[PDB]
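A single chain comes next, written as structure tokens; it is the form deposited in one PDB entry.
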């Protein structure tokens, strides 16, 4: 007799608690919490662990989600600065890092973020030797390359959020113009998560109907190219208006964790090793259409690129090697 002793009986038998679908969101900032509320809301994990160097912020964000437990189906929300909190995660999502000030390219953030990465990746792997690492930080393509190097994980367990967002942005504008739910519109953005992103004009379709063979001049005149245009600009506009981007990437990331936690084998433009494809010579990471499952990237989809697109992918891959080349370890 205590309250709990008087209410709660026990059977002869029982075993230690254990969570089997754990996800760790590293970084409890704008993007941080956006990914975290998305996942919570999609009941993707039975456990969510937040990690951040900022200790007050972490605990308040933790607390704030915990007060909402009644309204969820995620049995455990934990948090701490010590990476021990993240042990046995199936997915580790990284969000730590400086962000773009307005007008600053994502590429300008490489040194700042490499330096954070160099501290975070050892501990991650330390505590979850078999996880899948999902980088979101910018410059996301370069950072997925770093994370892979520093980590030594099989290439397939390292993914960048990459162009999933870009392609989402593209298909929303397509939708806006054709007057069709973005989900019914099919168009792909690959290459860098940034200013040198390639738009696959010859893949664009609504119900398998090629926009290119209907228009022809698509790749160029009628300001259809503006769609690509608004796509590269979009991060910059949102930043100047709002200050940062949060909610689109939370969703874009949750989409990705779903395919993974459900072993769904869906095609998503994310960041991978592009070496040996389309004549690329180096260890460069960029988005291509990838098949994802519960163990990472299952397969890459080989795109039959037109001459100009293929030329665009080449450039993309180039602006990024000139950056990796000079990465000091």
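Positions refer to the first chain, counted from 1. Superpose the two forms; the largest set of C-alphas matching within 1.5 Å is the rigid core.
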Mean Cα B factor from the PDB record: higher for 291 to 299, or higher for 51 to 59? 51 to 59
Stretch with higher mean Cα temperature factor, 145 to 153 vs 131 to 139, is 145 to 153
Specify which of 113, 205, 222, 196 carries the largest Cα B factor in the deposited PDB entry. 222
When the CA B-factors of 37, 284, 260, 28 are compared as recorded in the entry, which is the largest? 284
In terms of its chain's C-alpha B-factors, the third that includes residue 21 is the lowest
Please say which third, lowest, middle or highest, residue 280 falls into when its CA temperature factor is compared across its chain. highest
Taking only the Cα B-factors deposited for this chain, tell me whether residue 217 sits in the lowest, middle or highest third. highest
If you rank the chain by CA B-factor, which third does residue 76 end up in: lowest, middle or highest? middle
Quick check on the deposited entry: does the C-alpha B-factor of residue 167 sit in the lowest, middle or highest third of its chain? lowest
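This protein has a second form, the form deposited in another entry, left out of what is shown; the following refers to that one.
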Shifts of 2 Å or more in the Cα, rigid core superposed between this form and the one not shown, apply to only one of 103, 243, 154, 122; name it. 103
After core superposition, I'd like to know whether residue 314 moves between this form and the one not shown (criterion: C-alpha shift of 2 angstroms or more). yes
